[PDB]
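Listing of start_16.cif; format and content: mmCIF, C-alpha atoms.
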data_input
#
loop_
_atom_site.label_atom_id
_atom_site.label_comp_id
_atom_site.auth_asym_id
_atom_site.auth_seq_id
_atom_site.Cartn_x
_atom_site.Cartn_y
_atom_site.Cartn_z
CA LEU A 12 32.10 38.14 -34.72
CA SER A 13 31.17 41.83 -34.57
CA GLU A 14 33.45 44.67 -35.69
CA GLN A 15 34.30 45.48 -32.10
CA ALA A 16 35.37 41.89 -31.55
CA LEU A 17 37.27 41.47 -34.76
CA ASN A 18 39.32 44.55 -34.00
CA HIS A 19 39.89 43.35 -30.45
CA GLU A 20 41.13 40.09 -31.86
CA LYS A 21 43.34 41.99 -34.30
CA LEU A 22 44.92 43.76 -31.33
CA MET A 23 45.38 40.57 -29.21
CA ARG A 24 47.01 38.58 -32.05
CA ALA A 25 49.42 41.45 -32.84
CA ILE A 26 50.54 41.63 -29.22
CA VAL A 27 51.01 37.82 -28.88
CA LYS A 28 52.85 37.58 -32.26
CA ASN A 29 55.21 40.36 -31.14
CA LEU A 30 56.08 38.51 -27.96
CA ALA A 31 57.04 35.34 -29.81
CA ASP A 32 60.79 36.05 -29.47
CA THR A 33 60.53 36.66 -25.72
CA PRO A 34 59.94 34.06 -22.97
CA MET A 35 56.23 35.13 -22.64
CA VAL A 36 53.88 32.11 -22.77
CA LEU A 37 50.11 32.69 -23.43
CA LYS A 38 47.76 30.78 -21.12
CA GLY A 39 44.18 30.72 -20.04
CA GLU A 40 41.07 31.43 -21.99
CA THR A 41 42.63 33.32 -24.86
CA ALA A 42 45.30 30.59 -25.26
CA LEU A 43 42.32 28.30 -25.92
CA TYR A 44 40.75 30.82 -28.31
CA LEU A 45 43.89 31.68 -30.28
CA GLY A 46 45.54 28.30 -30.07
CA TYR A 47 43.04 25.49 -29.68
CA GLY A 48 39.80 26.46 -31.40
CA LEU A 49 37.68 27.61 -28.42
CA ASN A 50 34.12 28.19 -29.70
CA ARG A 51 33.42 31.39 -27.76
CA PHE A 52 35.13 34.78 -27.86
CA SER A 53 37.75 35.65 -25.21
CA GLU A 54 39.01 39.13 -24.30
CA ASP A 55 41.90 39.05 -21.79
CA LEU A 56 45.61 38.35 -22.31
CA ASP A 57 47.21 36.18 -19.60
CA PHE A 58 50.87 35.11 -19.68
CA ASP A 59 53.54 33.26 -17.71
CA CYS A 60 57.12 34.55 -18.06
CA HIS A 61 60.34 33.57 -16.26
CA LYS A 62 61.82 37.07 -16.20
CA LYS A 63 60.95 40.74 -16.62
CA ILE A 64 61.05 42.12 -20.17
CA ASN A 65 60.33 45.50 -21.76
CA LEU A 66 56.56 44.76 -21.84
CA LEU A 67 55.39 48.39 -22.37
CA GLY A 68 57.86 48.89 -25.21
CA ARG A 69 56.62 45.67 -26.86
CA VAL A 70 52.89 46.53 -26.56
CA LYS A 71 53.45 50.01 -28.04
CA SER A 72 55.41 48.59 -31.01
CA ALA A 73 52.77 45.88 -31.47
CA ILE A 74 49.71 48.10 -32.03
CA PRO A 75 48.66 47.17 -35.57
CA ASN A 76 47.13 49.39 -38.28
CA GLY A 77 43.48 50.26 -37.63
CA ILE A 78 43.96 50.43 -33.86
CA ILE A 79 44.39 53.61 -31.81
CA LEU A 80 46.36 53.25 -28.55
CA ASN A 81 44.97 55.76 -26.07
CA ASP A 82 46.76 54.59 -22.93
CA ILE A 83 48.39 51.85 -20.82
CA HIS A 84 47.62 51.96 -17.10
CA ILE A 85 49.97 50.03 -14.89
CA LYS A 86 47.74 48.49 -12.25
CA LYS A 87 50.54 46.32 -10.78
CA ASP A 88 54.20 45.87 -11.53
CA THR A 89 56.02 43.77 -8.94
CA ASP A 90 58.55 40.91 -8.83
CA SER A 91 55.79 38.32 -9.11
CA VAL A 92 53.03 40.03 -11.19
CA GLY A 93 52.31 42.38 -14.09
CA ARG A 94 48.83 43.78 -14.50
CA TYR A 95 47.95 46.38 -17.19
CA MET A 96 44.88 48.07 -18.66
CA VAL A 97 45.44 48.82 -22.32
CA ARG A 98 42.85 51.38 -23.51
CA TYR A 99 42.34 51.73 -27.23
CA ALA A 100 40.07 52.82 -30.02
CA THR A 101 39.55 51.83 -33.61
CA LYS A 102 39.42 53.27 -37.17
CA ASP A 103 35.78 52.07 -37.29
CA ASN A 104 34.68 53.31 -33.86
CA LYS A 105 35.89 56.01 -31.49
CA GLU A 106 34.47 54.61 -28.25
CA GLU A 107 37.35 53.58 -25.96
CA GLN A 108 37.84 49.84 -25.42
CA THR A 109 39.91 47.98 -22.81
CA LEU A 110 42.25 45.03 -22.96
CA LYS A 111 43.44 43.50 -19.71
CA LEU A 112 46.89 42.13 -19.83
CA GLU A 113 48.30 40.08 -16.97
CA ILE A 114 51.64 38.33 -16.49
CA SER A 115 52.83 35.91 -13.79
CA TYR A 116 56.59 35.73 -13.15
CA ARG A 117 56.37 32.67 -10.87
CA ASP A 118 56.32 28.97 -11.96
CA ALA A 119 56.85 29.83 -15.65
CA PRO A 120 56.73 26.82 -17.97
CA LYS A 121 60.12 25.44 -18.95
CA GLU A 122 60.93 25.80 -22.67
CA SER A 123 60.20 22.10 -23.28
CA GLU A 124 56.61 22.72 -22.07
CA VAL A 125 55.90 25.52 -24.61
CA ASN A 126 53.86 24.98 -27.78
CA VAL A 127 54.05 27.25 -30.85
CA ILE A 128 50.80 27.65 -32.82
CA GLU A 129 50.74 30.00 -35.84
CA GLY A 130 53.85 31.77 -34.51
CA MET A 131 52.48 32.25 -30.98
CA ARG A 132 54.07 30.89 -27.80
CA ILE A 133 51.26 29.14 -25.92
CA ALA A 134 50.87 26.81 -22.92
CA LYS A 135 50.05 23.10 -23.28
CA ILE A 136 46.46 21.96 -22.80
CA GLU A 137 47.43 20.08 -19.59
CA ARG A 138 48.58 23.28 -17.90
CA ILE A 139 45.44 25.13 -19.05
CA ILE A 140 43.23 22.35 -17.59
CA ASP A 141 45.17 22.45 -14.33
CA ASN A 142 44.83 26.26 -14.07
CA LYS A 143 41.07 26.16 -14.83
CA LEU A 144 40.45 23.57 -12.18
CA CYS A 145 42.47 25.61 -9.66
CA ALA A 146 40.42 28.65 -10.71
CA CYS A 147 36.91 27.11 -10.40
CA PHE A 148 37.28 24.24 -7.96
CA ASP A 149 40.33 23.49 -5.83
CA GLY A 150 42.80 26.41 -5.90
CA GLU A 151 43.58 28.98 -3.21
CA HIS A 152 41.01 31.48 -4.45
CA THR A 153 38.23 29.91 -6.39
CA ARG A 154 35.69 31.94 -8.31
CA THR A 155 32.28 31.36 -9.70
CA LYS A 156 32.52 32.14 -13.34
CA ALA A 157 30.48 30.39 -15.98
CA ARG A 158 33.28 30.71 -18.47
CA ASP A 159 35.06 27.99 -16.52
CA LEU A 160 32.23 25.54 -16.98
CA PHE A 161 31.98 26.39 -20.67
CA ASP A 162 35.73 25.95 -21.16
CA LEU A 163 36.14 22.72 -19.17
CA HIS A 164 33.24 21.20 -21.13
CA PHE A 165 34.98 22.26 -24.33
CA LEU A 166 38.21 20.65 -23.09
CA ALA A 167 36.48 17.44 -21.90
CA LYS A 168 34.74 17.15 -25.27
CA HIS A 169 37.59 17.96 -27.63
CA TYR A 170 40.82 17.29 -25.74
CA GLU A 171 40.06 14.34 -23.48
CA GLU A 172 43.39 12.71 -24.38
CA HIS A 173 45.20 15.49 -22.46
CA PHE A 174 43.55 14.56 -19.23
CA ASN A 175 45.62 12.44 -16.87
CA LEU A 176 44.34 10.62 -13.75
CA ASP A 177 44.79 13.61 -11.44
CA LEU A 178 43.13 16.10 -13.84
CA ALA A 179 40.27 13.71 -14.66
CA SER A 180 39.65 12.86 -11.01
CA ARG A 181 39.35 16.53 -10.10
CA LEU A 182 37.15 17.24 -13.18
CA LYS A 183 34.83 14.39 -12.19
CA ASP A 184 34.70 15.79 -8.63
CA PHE A 185 34.02 19.37 -9.82
CA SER A 186 31.20 18.13 -12.05
CA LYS A 187 29.63 15.37 -9.92
CA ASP A 188 26.51 17.36 -8.97
CA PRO A 189 25.12 18.87 -12.25
CA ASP A 190 22.09 20.45 -10.58
CA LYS A 191 24.39 22.29 -8.18
CA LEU A 192 26.47 23.50 -11.17
CA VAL A 193 23.37 24.89 -12.83
CA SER A 194 22.36 26.53 -9.57
CA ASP A 195 25.78 27.96 -8.93
CA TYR A 196 26.25 29.40 -12.34
CA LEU A 197 22.87 30.54 -13.46
CA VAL A 198 23.12 34.19 -12.67
CA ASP A 199 26.57 34.47 -14.09
CA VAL A 200 25.57 32.87 -17.32
CA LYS A 201 22.67 35.24 -17.81
CA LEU A 202 24.83 38.26 -17.11
CA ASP A 203 27.67 37.16 -19.36
CA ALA A 204 27.49 38.61 -22.81
CA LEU A 205 30.04 36.11 -24.05
CA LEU A 206 27.93 33.17 -22.87
CA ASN A 207 24.28 34.18 -22.59
CA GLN A 208 23.48 33.71 -26.28
CA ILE A 209 25.47 30.52 -26.90
CA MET A 210 25.37 28.48 -23.69
CA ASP A 211 22.76 26.00 -22.45
CA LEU A 212 23.78 25.72 -18.80
CA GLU A 213 21.61 22.65 -18.00
CA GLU A 214 22.92 20.68 -21.00
CA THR A 215 26.59 21.78 -20.48
CA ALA A 216 26.53 20.76 -16.80
CA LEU A 217 24.97 17.40 -17.63
CA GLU A 218 27.34 16.61 -20.51
CA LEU A 219 30.42 17.66 -18.49
CA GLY A 220 29.42 15.34 -15.63
CA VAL A 221 28.99 12.41 -18.02
CA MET A 222 32.16 13.07 -20.00
CA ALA A 223 34.28 13.46 -16.85
CA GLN A 224 32.91 10.26 -15.35
CA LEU A 225 33.88 8.38 -18.54
CA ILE A 226 37.34 9.97 -18.95
CA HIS A 227 38.29 9.10 -15.37
CA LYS A 228 36.93 5.56 -15.59
CA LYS A 229 39.07 4.93 -18.67
CA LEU A 230 42.28 6.19 -17.02
CA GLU A 231 41.58 4.07 -13.94
CA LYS A 232 41.98 0.97 -16.13
CA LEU A 233 45.71 1.83 -16.40
CA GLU A 234 45.89 0.77 -20.06
CA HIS A 235 49.04 1.03 -22.26
CA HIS A 236 49.83 1.65 -25.93
#
Take the structure I supplied and represent it as structure tokens, if you would.
Amino acid sequence: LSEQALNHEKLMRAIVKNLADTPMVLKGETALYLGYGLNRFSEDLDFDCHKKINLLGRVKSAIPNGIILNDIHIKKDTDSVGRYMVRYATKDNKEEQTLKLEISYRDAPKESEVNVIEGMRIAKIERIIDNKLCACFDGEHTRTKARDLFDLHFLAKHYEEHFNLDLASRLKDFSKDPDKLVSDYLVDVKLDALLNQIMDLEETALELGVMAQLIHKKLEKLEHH
């Protein structure tokens, strides 16, 4: 964890802690990082929220000591989506940084589906798995991002109990051809600063395929406790 990263994290945590008394629910990669022990750094803030709030006002108030807020650019503010570029600097370094902040106002989790971890409102693992699989495999607009392989492996390894039959079946299907995964993701892994040092693509792909196969097989037994 470099100084740039540590400060970035300082900024993210301050924003999410501030939003704890609103309906904002943290999701995605940084939910995993801040909430569930993800073993890579994450940089974006992604939220679901059932209604509009004074987002700008909250971000401004939330800037903690040691951070300089240069600007907030409103990329998109509609009924269904909020998309912002928060530009900032630091007491340790003057070079401008960016934080992407994105909110979805559709299909917000109901209050009974919201976890609180160290004072932060965060989505359940199940929803995060579902969203990742939509994002990398079977959603409306899939993408090829190595982060998704890294994160699904993490989830399959450390949170297998949160997989149900549907989630496991899709995971198994996503990861059935490990050589294709390695082929599909290789360039992205090399170009990703967050992954290129820490990730063995060949091993990750292989282990995911094996873990998914086993998780799904277990759930197919329809066992009870």
Once you count all atoms listed in the file, what closest atom pair and distance in Å to one decimal does each residue of range 53-107 of chain A within 12 Å of range 130-152 of chain A have, with rows by chain and rising residue number, as a tab-separated table?
residue	atom	partner	partner_atom	distance
A:56	CA	A:133	CA	11.4
A:57	CA	A:133	CA	10.3
A:58	CA	A:133	CA	8.6
A:59	CA	A:134	CA	8.7
A:60	CA	A:132	CA	10.8
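Picture a line from CA of residue 225 in chain A to CA of residue 38 in chain A; it runs 26.5 Å.
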Return as a list in words the set of residues that the PyMOL selection byres ((chain A and resi 164-170) around 7) yields on the displayed structure.
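What the PyMOL selection byres ((chain A and resi 164-170) around 7) grabs from the file is residues 160, 161, 162, 163, 171, 172, 173, 215, 219, 222 and 223 of chain A.
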For residue 228 in chain A, the closest of A:121, A:183, A:84, A:24 counting all atoms listed in the file is A:183
When distances are computed from all atoms listed in the file, which of A:180, A:186, A:72, A:208 shows the smallest separation from residue 226 in chain A?
A:180
Nearby residues (all atoms listed in the file) at most 12 Å from residue 113 in chain A, same-chain spacing under 5 positions excluded, as a PDB file with C-alpha atoms, in the coordinates of the input:
ATOM      1  CA  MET A  35      56.230  35.130 -22.640  1.00  0.00           C
ATOM      2  CA  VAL A  36      53.880  32.110 -22.770  1.00  0.00           C
ATOM      3  CA  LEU A  37      50.110  32.690 -23.430  1.00  0.00           C
ATOM      4  CA  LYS A  38      47.760  30.780 -21.120  1.00  0.00           C
ATOM      5  CA  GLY A  39      44.180  30.720 -20.040  1.00  0.00           C
ATOM      6  CA  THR A  41      42.630  33.320 -24.860  1.00  0.00           C
ATOM      7  CA  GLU A  54      39.010  39.130 -24.300  1.00  0.00           C
ATOM      8  CA  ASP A  55      41.900  39.050 -21.790  1.00  0.00           C
ATOM      9  CA  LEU A  56      45.610  38.350 -22.310  1.00  0.00           C
ATOM     10  CA  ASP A  57      47.210  36.180 -19.600  1.00  0.00           C
ATOM     11  CA  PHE A  58      50.870  35.110 -19.680  1.00  0.00           C
ATOM     12  CA  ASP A  59      53.540  33.260 -17.710  1.00  0.00           C
ATOM     13  CA  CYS A  60      57.120  34.550 -18.060  1.00  0.00           C
ATOM     14  CA  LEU A  66      56.560  44.760 -21.840  1.00  0.00           C
ATOM     15  CA  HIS A  84      47.620  51.960 -17.100  1.00  0.00           C
ATOM     16  CA  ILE A  85      49.970  50.030 -14.890  1.00  0.00           C
ATOM     17  CA  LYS A  86      47.740  48.490 -12.250  1.00  0.00           C
ATOM     18  CA  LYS A  87      50.540  46.320 -10.780  1.00  0.00           C
ATOM     19  CA  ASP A  88      54.200  45.870 -11.530  1.00  0.00           C
ATOM     20  CA  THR A  89      56.020  43.770  -8.940  1.00  0.00           C
ATOM     21  CA  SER A  91      55.790  38.320  -9.110  1.00  0.00           C
ATOM     22  CA  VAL A  92      53.030  40.030 -11.190  1.00  0.00           C
ATOM     23  CA  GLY A  93      52.310  42.380 -14.090  1.00  0.00           C
ATOM     24  CA  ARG A  94      48.830  43.780 -14.500  1.00  0.00           C
ATOM     25  CA  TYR A  95      47.950  46.380 -17.190  1.00  0.00           C
ATOM     26  CA  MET A  96      44.880  48.070 -18.660  1.00  0.00           C
ATOM     27  CA  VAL A  97      45.440  48.820 -22.320  1.00  0.00           C
TER      28      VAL A  97
END
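Note that CA of residue 220 in chain A and CA of residue 176 in chain A are 15.8 Å apart.
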